[PDB]
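One file, model-v2.txt, carrying compact mmCIF, N, CA and C atoms:
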```
# COMPACT_ATOMS: atom_id res chain seq x y z
N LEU A 303 77.05 95.28 137.46
CA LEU A 303 77.29 93.85 137.63
C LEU A 303 76.16 93.09 136.94
N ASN A 304 76.38 92.75 135.67
CA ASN A 304 75.39 91.97 134.94
C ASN A 304 75.26 90.55 135.46
N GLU A 305 76.21 90.09 136.27
CA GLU A 305 76.10 88.78 136.90
C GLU A 305 77.07 88.72 138.07
N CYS A 306 76.66 88.08 139.16
CA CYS A 306 77.56 87.86 140.29
C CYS A 306 77.24 86.51 140.92
N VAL A 307 78.25 85.66 140.99
CA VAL A 307 78.20 84.42 141.75
C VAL A 307 79.34 84.46 142.75
N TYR A 308 79.01 84.62 144.02
CA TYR A 308 80.02 84.61 145.08
C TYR A 308 80.64 83.22 145.12
N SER A 309 81.84 83.09 144.58
CA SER A 309 82.45 81.78 144.38
C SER A 309 83.96 81.91 144.42
N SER A 310 84.62 80.77 144.59
CA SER A 310 86.08 80.76 144.62
C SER A 310 86.67 81.24 143.30
N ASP A 311 86.12 80.80 142.18
CA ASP A 311 86.58 81.20 140.87
C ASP A 311 85.96 82.54 140.49
N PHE A 312 86.29 83.02 139.29
CA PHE A 312 85.79 84.31 138.82
C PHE A 312 84.34 84.18 138.35
N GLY A 313 83.45 84.01 139.32
CA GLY A 313 82.04 83.90 139.04
C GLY A 313 81.32 85.22 138.84
N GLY A 314 82.03 86.34 138.95
CA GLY A 314 81.43 87.65 138.86
C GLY A 314 81.77 88.31 137.53
N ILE A 315 80.75 88.89 136.91
CA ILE A 315 80.86 89.54 135.61
C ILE A 315 80.36 90.97 135.77
N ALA A 316 81.07 91.92 135.17
CA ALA A 316 80.64 93.31 135.21
C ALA A 316 80.93 93.97 133.88
N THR A 317 79.95 94.71 133.38
CA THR A 317 80.13 95.50 132.17
C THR A 317 80.39 96.95 132.53
N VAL A 318 81.38 97.52 131.87
CA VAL A 318 81.70 98.94 131.97
C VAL A 318 81.36 99.58 130.63
N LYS A 319 80.40 100.50 130.65
CA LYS A 319 80.16 101.37 129.52
C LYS A 319 81.15 102.52 129.58
N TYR A 320 81.84 102.74 128.47
CA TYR A 320 82.94 103.69 128.41
C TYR A 320 82.72 104.65 127.26
N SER A 321 83.29 105.84 127.40
CA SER A 321 83.37 106.84 126.33
C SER A 321 84.82 107.30 126.27
N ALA A 322 85.63 106.61 125.49
CA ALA A 322 87.07 106.86 125.48
C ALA A 322 87.42 108.03 124.57
N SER A 323 88.56 108.66 124.86
CA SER A 323 89.08 109.73 124.02
C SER A 323 89.76 109.21 122.76
N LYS A 324 90.31 108.00 122.80
CA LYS A 324 90.85 107.37 121.60
C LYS A 324 90.95 105.88 121.85
N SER A 325 90.65 105.11 120.81
CA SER A 325 90.62 103.66 120.92
C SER A 325 92.02 103.10 121.16
N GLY A 326 92.07 101.93 121.78
CA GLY A 326 93.33 101.29 122.06
C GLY A 326 93.17 100.23 123.14
N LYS A 327 94.14 100.18 124.05
CA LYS A 327 94.18 99.21 125.13
C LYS A 327 94.67 99.89 126.40
N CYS A 328 94.15 99.44 127.54
CA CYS A 328 94.63 99.97 128.81
C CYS A 328 94.14 99.10 129.96
N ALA A 329 94.76 99.30 131.12
CA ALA A 329 94.67 98.35 132.22
C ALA A 329 93.39 98.55 133.02
N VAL A 330 93.12 97.59 133.91
CA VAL A 330 91.98 97.63 134.81
C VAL A 330 92.36 96.92 136.10
N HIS A 331 91.88 97.44 137.22
CA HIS A 331 92.29 96.96 138.54
C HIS A 331 91.21 97.30 139.55
N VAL A 332 91.35 96.77 140.75
CA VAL A 332 90.50 97.13 141.88
C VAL A 332 91.39 97.48 143.08
N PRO A 333 91.56 98.76 143.43
CA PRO A 333 92.37 99.08 144.61
C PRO A 333 91.71 98.70 145.93
N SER A 334 91.45 97.42 146.12
CA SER A 334 90.88 96.92 147.36
C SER A 334 90.88 95.41 147.32
N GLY A 335 90.80 94.80 148.50
CA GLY A 335 90.75 93.35 148.58
C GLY A 335 89.38 92.76 148.35
N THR A 336 88.38 93.59 148.06
CA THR A 336 87.02 93.09 147.90
C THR A 336 86.88 92.21 146.67
N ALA A 337 87.52 92.58 145.55
CA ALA A 337 87.36 91.85 144.30
C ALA A 337 88.72 91.67 143.64
N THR A 338 88.95 90.48 143.09
CA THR A 338 90.16 90.17 142.35
C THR A 338 89.80 89.84 140.91
N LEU A 339 90.45 90.53 139.98
CA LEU A 339 90.09 90.46 138.57
C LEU A 339 90.85 89.35 137.86
N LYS A 340 90.17 88.71 136.91
CA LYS A 340 90.82 87.71 136.08
C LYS A 340 91.76 88.33 135.06
N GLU A 341 91.38 89.46 134.47
CA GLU A 341 92.11 90.06 133.37
C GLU A 341 92.81 91.33 133.83
N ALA A 342 93.92 91.65 133.17
CA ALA A 342 94.71 92.81 133.53
C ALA A 342 94.36 94.05 132.72
N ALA A 343 94.10 93.89 131.43
CA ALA A 343 93.84 95.03 130.56
C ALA A 343 92.74 94.68 129.57
N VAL A 344 92.12 95.72 129.04
CA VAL A 344 91.00 95.59 128.12
C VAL A 344 91.20 96.55 126.96
N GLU A 345 90.55 96.23 125.84
CA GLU A 345 90.60 97.04 124.64
C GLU A 345 89.33 97.87 124.51
N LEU A 346 89.49 99.10 124.04
CA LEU A 346 88.42 100.08 123.99
C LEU A 346 88.32 100.68 122.59
N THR A 347 87.09 100.94 122.17
CA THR A 347 86.79 101.48 120.85
C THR A 347 85.84 102.66 121.02
N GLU A 348 86.39 103.87 121.01
CA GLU A 348 85.63 105.11 121.16
C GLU A 348 84.69 105.00 122.35
N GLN A 349 83.38 104.91 122.13
CA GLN A 349 82.40 104.73 123.20
C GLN A 349 81.66 103.42 122.97
N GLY A 350 81.65 102.57 123.99
CA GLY A 350 81.05 101.26 123.89
C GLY A 350 80.99 100.56 125.23
N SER A 351 81.20 99.24 125.24
CA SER A 351 81.13 98.48 126.48
C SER A 351 82.24 97.44 126.50
N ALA A 352 82.71 97.12 127.71
CA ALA A 352 83.75 96.13 127.93
C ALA A 352 83.38 95.26 129.11
N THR A 353 83.93 94.05 129.14
CA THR A 353 83.58 93.04 130.12
C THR A 353 84.76 92.75 131.04
N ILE A 354 84.50 92.74 132.35
CA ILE A 354 85.51 92.46 133.36
C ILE A 354 85.04 91.25 134.17
N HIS A 355 85.91 90.26 134.30
CA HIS A 355 85.68 89.10 135.13
C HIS A 355 86.35 89.32 136.48
N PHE A 356 85.74 88.80 137.54
CA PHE A 356 86.29 88.96 138.88
C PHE A 356 85.70 87.93 139.82
N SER A 357 86.40 87.71 140.92
CA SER A 357 85.93 86.90 142.04
C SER A 357 85.84 87.79 143.27
N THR A 358 84.88 87.49 144.14
CA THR A 358 84.51 88.39 145.21
C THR A 358 84.27 87.62 146.50
N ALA A 359 84.41 88.34 147.62
CA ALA A 359 84.08 87.82 148.94
C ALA A 359 82.78 88.40 149.47
N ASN A 360 82.52 89.68 149.21
CA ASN A 360 81.35 90.34 149.76
C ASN A 360 80.06 89.78 149.16
N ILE A 361 79.08 89.54 150.03
CA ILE A 361 77.75 89.17 149.56
C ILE A 361 77.04 90.37 148.95
N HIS A 362 77.30 91.56 149.50
CA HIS A 362 76.78 92.83 148.98
C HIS A 362 77.95 93.62 148.41
N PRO A 363 78.48 93.20 147.27
CA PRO A 363 79.74 93.79 146.78
C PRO A 363 79.61 95.26 146.44
N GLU A 364 80.71 95.98 146.66
CA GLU A 364 80.86 97.35 146.20
C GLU A 364 82.35 97.65 146.16
N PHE A 365 82.84 98.08 145.00
CA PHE A 365 84.27 98.30 144.82
C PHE A 365 84.52 99.36 143.76
N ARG A 366 85.65 100.04 143.89
CA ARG A 366 86.09 101.03 142.91
C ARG A 366 86.93 100.33 141.86
N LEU A 367 86.38 100.16 140.66
CA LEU A 367 87.10 99.60 139.53
C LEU A 367 87.91 100.73 138.91
N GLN A 368 89.23 100.68 139.09
CA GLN A 368 90.13 101.64 138.48
C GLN A 368 90.42 101.21 137.04
N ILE A 369 90.20 102.11 136.10
CA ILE A 369 90.34 101.78 134.68
C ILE A 369 90.79 103.03 133.94
N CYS A 370 91.94 102.92 133.28
CA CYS A 370 92.39 103.86 132.25
C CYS A 370 92.27 105.32 132.69
N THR A 371 93.03 105.67 133.72
CA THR A 371 93.09 107.04 134.22
C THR A 371 91.69 107.50 134.65
N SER A 372 90.96 106.59 135.28
CA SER A 372 89.69 106.93 135.90
C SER A 372 89.31 105.78 136.82
N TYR A 373 88.15 105.91 137.46
CA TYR A 373 87.62 104.82 138.26
C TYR A 373 86.11 104.97 138.37
N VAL A 374 85.44 103.82 138.44
CA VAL A 374 83.98 103.75 138.46
C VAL A 374 83.56 102.91 139.65
N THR A 375 82.50 103.34 140.34
CA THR A 375 82.04 102.68 141.56
C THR A 375 81.06 101.58 141.17
N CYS A 376 81.56 100.34 141.09
CA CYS A 376 80.72 99.19 140.80
C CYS A 376 80.05 98.74 142.09
N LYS A 377 78.77 98.37 141.99
CA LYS A 377 77.99 97.99 143.16
C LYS A 377 76.87 97.05 142.72
N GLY A 378 76.49 96.15 143.62
CA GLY A 378 75.40 95.25 143.32
C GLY A 378 75.19 94.26 144.45
N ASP A 379 74.26 93.33 144.22
CA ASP A 379 73.99 92.23 145.14
C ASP A 379 74.41 90.94 144.46
N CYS A 380 74.84 89.97 145.26
CA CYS A 380 75.48 88.78 144.73
C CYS A 380 74.87 87.54 145.37
N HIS A 381 74.90 86.42 144.63
CA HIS A 381 74.20 85.20 144.98
C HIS A 381 75.18 84.09 145.33
N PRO A 382 74.77 83.10 146.12
CA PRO A 382 75.72 82.06 146.53
C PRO A 382 76.08 81.15 145.38
N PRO A 383 77.12 80.33 145.54
CA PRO A 383 77.55 79.45 144.45
C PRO A 383 76.76 78.15 144.43
N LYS A 384 77.12 77.30 143.47
CA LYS A 384 76.38 76.06 143.27
C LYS A 384 76.89 74.96 144.20
N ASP A 385 78.16 74.60 144.09
CA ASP A 385 78.70 73.41 144.73
C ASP A 385 79.30 73.75 146.09
N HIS A 386 79.12 72.83 147.04
CA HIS A 386 79.71 73.01 148.36
C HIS A 386 81.23 72.96 148.30
N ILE A 387 81.78 72.02 147.54
CA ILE A 387 83.21 71.74 147.52
C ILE A 387 83.71 71.92 146.09
N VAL A 388 84.84 72.60 145.94
CA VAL A 388 85.46 72.86 144.65
C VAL A 388 86.88 72.31 144.68
N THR A 389 87.45 72.14 143.48
CA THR A 389 88.73 71.47 143.30
C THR A 389 89.84 72.44 142.92
N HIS A 390 89.85 73.62 143.53
CA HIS A 390 90.90 74.60 143.30
C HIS A 390 90.87 75.59 144.45
N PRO A 391 91.96 76.31 144.69
CA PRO A 391 92.00 77.19 145.85
C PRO A 391 91.40 78.56 145.57
N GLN A 392 91.23 79.31 146.65
CA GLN A 392 90.57 80.60 146.60
C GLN A 392 91.34 81.57 145.71
N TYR A 393 90.61 82.40 144.97
CA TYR A 393 91.19 83.46 144.15
C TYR A 393 90.92 84.84 144.71
N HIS A 394 89.95 84.99 145.61
CA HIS A 394 89.51 86.28 146.10
C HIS A 394 89.88 86.43 147.57
N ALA A 395 90.38 87.61 147.92
CA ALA A 395 90.86 87.87 149.27
C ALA A 395 89.69 87.90 150.23
N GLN A 396 89.75 87.06 151.26
CA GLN A 396 88.68 87.01 152.24
C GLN A 396 88.60 88.33 153.00
N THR A 397 87.39 88.70 153.41
CA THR A 397 87.16 89.94 154.12
C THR A 397 86.06 89.72 155.15
N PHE A 398 86.07 90.55 156.20
CA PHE A 398 85.13 90.36 157.30
C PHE A 398 83.68 90.58 156.87
N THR A 399 83.44 91.56 156.01
CA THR A 399 82.08 91.99 155.72
C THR A 399 81.37 91.00 154.79
N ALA A 400 80.34 90.34 155.31
CA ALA A 400 79.43 89.53 154.50
C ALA A 400 78.00 89.70 154.99
N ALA A 401 77.60 90.95 155.25
CA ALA A 401 76.38 91.26 155.97
C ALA A 401 75.18 91.39 155.03
N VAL A 402 74.01 91.61 155.64
CA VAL A 402 72.76 91.77 154.90
C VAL A 402 72.84 92.93 153.92
N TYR B 1 71.52 69.33 142.10
CA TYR B 1 70.61 70.29 142.80
C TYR B 1 69.22 69.70 142.94
N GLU B 2 68.71 69.70 144.17
CA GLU B 2 67.41 69.13 144.47
C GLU B 2 66.34 70.21 144.35
N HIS B 3 65.33 69.95 143.53
CA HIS B 3 64.18 70.83 143.37
C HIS B 3 62.94 69.96 143.41
N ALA B 4 61.81 70.53 143.84
CA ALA B 4 60.59 69.76 143.98
C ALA B 4 59.39 70.64 143.71
N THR B 5 58.42 70.11 142.97
CA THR B 5 57.24 70.89 142.63
C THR B 5 56.08 69.95 142.33
N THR B 6 54.94 70.23 142.94
CA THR B 6 53.75 69.42 142.71
C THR B 6 53.25 69.63 141.29
N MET B 7 52.85 68.54 140.64
CA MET B 7 52.33 68.56 139.28
C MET B 7 50.89 68.07 139.28
N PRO B 8 49.90 68.85 138.84
CA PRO B 8 48.52 68.34 138.85
C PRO B 8 48.38 67.10 137.98
N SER B 9 47.70 66.09 138.52
CA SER B 9 47.59 64.79 137.88
C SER B 9 46.52 64.73 136.81
N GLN B 10 46.57 65.64 135.84
CA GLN B 10 45.60 65.67 134.75
C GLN B 10 46.25 65.15 133.48
N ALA B 11 45.52 64.31 132.75
CA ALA B 11 46.03 63.70 131.54
C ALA B 11 45.79 64.60 130.34
N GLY B 12 46.87 64.89 129.61
CA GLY B 12 46.79 65.71 128.42
C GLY B 12 47.22 67.14 128.63
N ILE B 13 47.12 67.63 129.86
CA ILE B 13 47.48 69.01 130.17
C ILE B 13 48.95 69.05 130.54
N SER B 14 49.65 70.09 130.09
CA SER B 14 51.08 70.22 130.34
C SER B 14 51.33 71.00 131.62
N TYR B 15 52.60 71.05 132.02
CA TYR B 15 53.02 71.82 133.19
C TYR B 15 54.45 72.28 132.96
N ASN B 16 54.74 73.52 133.34
CA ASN B 16 56.04 74.14 133.11
C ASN B 16 56.54 74.79 134.39
N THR B 17 57.87 74.93 134.49
CA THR B 17 58.50 75.60 135.62
C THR B 17 59.88 76.06 135.16
N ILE B 18 60.46 76.99 135.91
CA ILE B 18 61.80 77.49 135.66
C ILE B 18 62.59 77.29 136.95
N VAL B 19 63.77 76.69 136.85
CA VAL B 19 64.66 76.61 138.00
C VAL B 19 65.81 77.57 137.78
N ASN B 20 66.08 78.40 138.79
CA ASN B 20 66.98 79.52 138.67
C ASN B 20 67.77 79.70 139.96
N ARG B 21 68.90 80.39 139.86
CA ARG B 21 69.71 80.73 141.02
C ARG B 21 70.44 82.03 140.74
N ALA B 22 71.01 82.61 141.80
CA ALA B 22 71.48 83.99 141.76
C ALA B 22 72.51 84.23 140.67
N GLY B 23 73.24 83.19 140.26
CA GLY B 23 74.29 83.33 139.27
C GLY B 23 74.19 82.36 138.12
N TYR B 24 73.04 81.70 137.95
CA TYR B 24 72.83 80.73 136.88
C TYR B 24 71.55 81.05 136.13
N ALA B 25 71.61 80.93 134.81
CA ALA B 25 70.52 81.33 133.94
C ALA B 25 69.31 80.43 134.15
N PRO B 26 68.11 80.91 133.79
CA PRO B 26 66.93 80.06 133.99
C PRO B 26 66.97 78.80 133.15
N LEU B 27 66.79 77.66 133.81
CA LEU B 27 66.73 76.36 133.15
C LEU B 27 65.26 75.94 133.13
N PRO B 28 64.62 75.90 131.96
CA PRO B 28 63.22 75.48 131.92
C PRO B 28 63.06 73.99 132.15
N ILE B 29 61.92 73.61 132.71
CA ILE B 29 61.54 72.22 132.93
C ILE B 29 60.08 72.08 132.56
N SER B 30 59.77 71.08 131.74
CA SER B 30 58.40 70.85 131.29
C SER B 30 58.04 69.39 131.47
N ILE B 31 56.80 69.16 131.89
CA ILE B 31 56.25 67.82 132.11
C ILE B 31 54.92 67.74 131.38
N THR B 32 54.61 66.55 130.87
CA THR B 32 53.33 66.30 130.21
C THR B 32 52.95 64.84 130.43
N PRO B 33 52.03 64.54 131.35
CA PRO B 33 51.57 63.15 131.50
C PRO B 33 50.51 62.79 130.47
N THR B 34 50.87 61.95 129.51
CA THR B 34 49.93 61.61 128.44
C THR B 34 48.95 60.53 128.87
N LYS B 35 49.29 59.73 129.88
CA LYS B 35 48.38 58.70 130.36
C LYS B 35 48.82 58.25 131.74
N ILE B 36 47.99 58.54 132.74
CA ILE B 36 48.24 58.13 134.12
C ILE B 36 47.42 56.88 134.39
N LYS B 37 48.09 55.83 134.82
CA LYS B 37 47.52 54.49 134.93
C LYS B 37 47.39 54.14 136.41
N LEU B 38 46.31 53.46 136.77
CA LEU B 38 46.03 53.07 138.15
C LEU B 38 45.77 51.56 138.16
N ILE B 39 46.84 50.79 138.29
CA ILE B 39 46.78 49.33 138.30
C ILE B 39 46.64 48.87 139.75
N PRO B 40 45.62 48.08 140.10
CA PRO B 40 45.55 47.55 141.46
C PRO B 40 46.19 46.17 141.55
N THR B 41 46.70 45.87 142.74
CA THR B 41 47.20 44.53 143.02
C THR B 41 46.02 43.58 143.18
N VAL B 42 45.95 42.57 142.31
CA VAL B 42 44.74 41.77 142.16
C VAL B 42 45.12 40.29 142.09
N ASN B 43 44.26 39.45 142.67
CA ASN B 43 44.37 38.01 142.56
C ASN B 43 43.00 37.42 142.28
N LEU B 44 42.99 36.27 141.61
CA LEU B 44 41.74 35.65 141.17
C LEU B 44 41.20 34.74 142.25
N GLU B 45 39.95 34.98 142.66
CA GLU B 45 39.28 34.08 143.58
C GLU B 45 38.57 32.95 142.86
N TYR B 46 37.80 33.24 141.81
CA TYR B 46 37.28 32.12 141.03
C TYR B 46 36.76 32.62 139.69
N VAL B 47 36.21 31.69 138.92
CA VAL B 47 35.55 32.00 137.66
C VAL B 47 34.23 31.26 137.63
N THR B 48 33.19 31.95 137.16
CA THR B 48 31.85 31.39 137.13
C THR B 48 31.26 31.57 135.74
N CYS B 49 30.28 30.73 135.42
CA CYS B 49 29.68 30.73 134.10
C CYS B 49 28.35 30.01 134.17
N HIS B 50 27.67 29.95 133.03
CA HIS B 50 26.43 29.19 132.95
C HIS B 50 26.71 27.73 133.29
N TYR B 51 25.79 27.12 134.03
CA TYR B 51 25.88 25.69 134.29
C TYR B 51 25.21 24.91 133.18
```
Using the file provided, produce a representation of the structure as C-alpha cells.
Amino acid sequence: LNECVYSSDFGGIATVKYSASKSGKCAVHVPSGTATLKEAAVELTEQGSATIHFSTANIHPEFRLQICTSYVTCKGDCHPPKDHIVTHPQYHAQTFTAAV
Amino acid sequence: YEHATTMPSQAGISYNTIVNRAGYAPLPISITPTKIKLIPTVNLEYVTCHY
C-alpha cells in the first residue's frame, strides 16, 4: 500500500509487483468486504508493477487481493481523510473492525 | 486545515516547515520576515525650542 486514505472515495492506492507468464490483461478483485476496488482488470507486461485503486473501511487494513489466477496478501496502516463532510455516498462496505 | 507554528521574530533569517497527513503529500511552507516594525500609539504633548 504505497498510499492509504481511509475515505468514502477510492483514497487507497496499492502497487502489485508481478512476474507474469505472458503479457496481456486480466482481472483483479478482493474476496472480502474490507476493500472495494475502482478498477476491474489490469494490464501486465512480463514482470513489472501495476496500480490498484480502492476504498477501505479498516483503519488497519489487510485483505487478499485476488489477481490473475493468484492472490496476494495486501496489508498496511491507513490514515484518516481530510474533510468531515463529502458530497457523494459511500463506496466501501462498512465493517465492525476499526481497532488499534 | 488549521495548522499553527511559532516563528522566531528575527529579521533576515528564514523559517521552514512541512505540513503533512496520512494520505496527503508533504506541502512545504516557508516564511521570511524581512522587517519587523514596532510602531507605538503616540500623541503629541508639546513642542519646545530655543526662546
All residues 6.5 Å or closer to residue 308 of chain A, all atoms listed in the file, same chain fewer than 2 positions away omitted, as an NGL selection string: :A and (306 or 310 or 313-314 or 358-359 or 380-383)
8 Å contacts from chain B to chain A using all atoms listed in the file, as a list in words: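 Taken together, these residues fit the definition: residues 1, 21, 22, 23 and 24 of chain B.
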Produce a file of the selected residues containing N, CA and C atoms, as an mmCIF file, in the frame of the given file.
```cif
data_model
loop_
_atom_site.group_PDB
_atom_site.id
_atom_site.type_symbol
_atom_site.label_atom_id
_atom_site.label_comp_id
_atom_site.auth_asym_id
_atom_site.auth_seq_id
_atom_site.Cartn_x
_atom_site.Cartn_y
_atom_site.Cartn_z
ATOM 1 N N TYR B 1 71.520 69.330 142.100
ATOM 2 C CA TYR B 1 70.610 70.290 142.800
ATOM 3 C C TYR B 1 69.220 69.700 142.940
ATOM 4 N N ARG B 21 68.900 80.390 139.860
ATOM 5 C CA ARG B 21 69.710 80.730 141.020
ATOM 6 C C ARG B 21 70.440 82.030 140.740
ATOM 7 N N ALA B 22 71.010 82.610 141.800
ATOM 8 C CA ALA B 22 71.480 83.990 141.760
ATOM 9 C C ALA B 22 72.510 84.230 140.670
ATOM 10 N N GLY B 23 73.240 83.190 140.260
ATOM 11 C CA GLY B 23 74.290 83.330 139.270
ATOM 12 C C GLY B 23 74.190 82.360 138.120
ATOM 13 N N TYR B 24 73.040 81.700 137.950
ATOM 14 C CA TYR B 24 72.830 80.730 136.880
ATOM 15 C C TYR B 24 71.550 81.050 136.130
#
```
Pairwise distance for atom N of residue 39 of chain B and atom CA of residue 9 of chain B, rounded to one decimal in Å: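 Taking atom N of residue 39 of chain B as the start and atom CA of residue 9 of chain B as the end point, the length is 14.0 Å.
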Interatomic distance, atom CA of residue 401 of chain A to atom CA of residue 375 of chain A (Å, one decimal):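 Here the two named atoms are 19.2 Å from each other.
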d(atom N of residue 332 of chain A, atom N of residue 386 of chain A) in Å: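 Going from atom N of residue 332 of chain A over to atom N of residue 386 of chain A, I get 27.6 Å.
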Residue 31 of chain B surroundings by all atoms listed in the file, 6 Å radius, close-in-sequence under 5 positions cut, as a PyMOL selection string: chain B and resi 14-16
For those residues, write N, CA and C atoms to a file as a short mmCIF file (atom, residue, chain, number, x, y, z; two decimals), in the frame of the given file.
```
data_model
loop_
_atom_site.label_atom_id
_atom_site.label_comp_id
_atom_site.auth_asym_id
_atom_site.auth_seq_id
_atom_site.Cartn_x
_atom_site.Cartn_y
_atom_site.Cartn_z
N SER B 14 49.65 70.09 130.09
CA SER B 14 51.08 70.22 130.34
C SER B 14 51.33 71.00 131.62
N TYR B 15 52.60 71.05 132.02
CA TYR B 15 53.02 71.82 133.19
C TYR B 15 54.45 72.28 132.96
N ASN B 16 54.74 73.52 133.34
CA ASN B 16 56.04 74.14 133.11
C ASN B 16 56.54 74.79 134.39
#
```
Shell of 9 Å around residue 367 of chain A, only C-alpha atoms, local chain residues under 6 positions omitted, as a JSON list (two decimals) with N, CA and C atoms, in the coordinates of the input:
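Written out: result-v2.json:
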```
[["chain", "number", "residue", "atom", "x", "y", "z"],
["A", 330, "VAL", "N", 93.12, 97.59, 133.91],
["A", 330, "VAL", "CA", 91.98, 97.63, 134.81],
["A", 330, "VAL", "C", 92.36, 96.92, 136.10],
["A", 331, "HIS", "N", 91.88, 97.44, 137.22],
["A", 331, "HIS", "CA", 92.29, 96.96, 138.54],
["A", 331, "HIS", "C", 91.21, 97.30, 139.55],
["A", 332, "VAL", "N", 91.35, 96.77, 140.75],
["A", 332, "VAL", "CA", 90.50, 97.13, 141.88],
["A", 332, "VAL", "C", 91.39, 97.48, 143.08],
["A", 333, "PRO", "N", 91.56, 98.76, 143.43],
["A", 333, "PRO", "CA", 92.37, 99.08, 144.61],
["A", 333, "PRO", "C", 91.71, 98.70, 145.93],
["A", 373, "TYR", "N", 88.15, 105.91, 137.46],
["A", 373, "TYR", "CA", 87.62, 104.82, 138.26],
["A", 373, "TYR", "C", 86.11, 104.97, 138.37],
["A", 374, "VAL", "N", 85.44, 103.82, 138.44],
["A", 374, "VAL", "CA", 83.98, 103.75, 138.46],
["A", 374, "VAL", "C", 83.56, 102.91, 139.65],
["A", 375, "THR", "N", 82.50, 103.34, 140.34],
["A", 375, "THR", "CA", 82.04, 102.68, 141.56],
["A", 375, "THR", "C", 81.06, 101.58, 141.17],
["A", 376, "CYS", "N", 81.56, 100.34, 141.09],
["A", 376, "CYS", "CA", 80.72, 99.19, 140.80],
["A", 376, "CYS", "C", 80.05, 98.74, 142.09]]
```
Expected answer as an NGL selection string: strand (DSSP E or B) residues in chain A: :A and (305 or 307 or 314-321 or 326-331 or 337-339 or 343-346 or 349-358 or 364-369 or 373-377 or 381)
Nearby residues (all atoms listed in the file) at most 6.5 Å from residue 33 of chain B, same-chain spacing under 6 positions excluded, as a PyMOL selection string: chain B and resi 10-14
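Contact shell of segment 343-347 of chain A at 6 Å (only C-alpha atoms; same-chain neighbours under 3 positions omitted): residues 325, 326, 327, 328, 329 and 330 of chain A.
When only C-alpha atoms are used to measure the gap to residue 336 of chain A, the shortest distance among A:319, A:394, A:324, A:355 belongs to A:394.
Minimum atom-to-atom distance to residue 334 of chain A, evaluated using only N, CA and C atoms, belongs to A:365 out of A:317, A:377, A:400, A:365.
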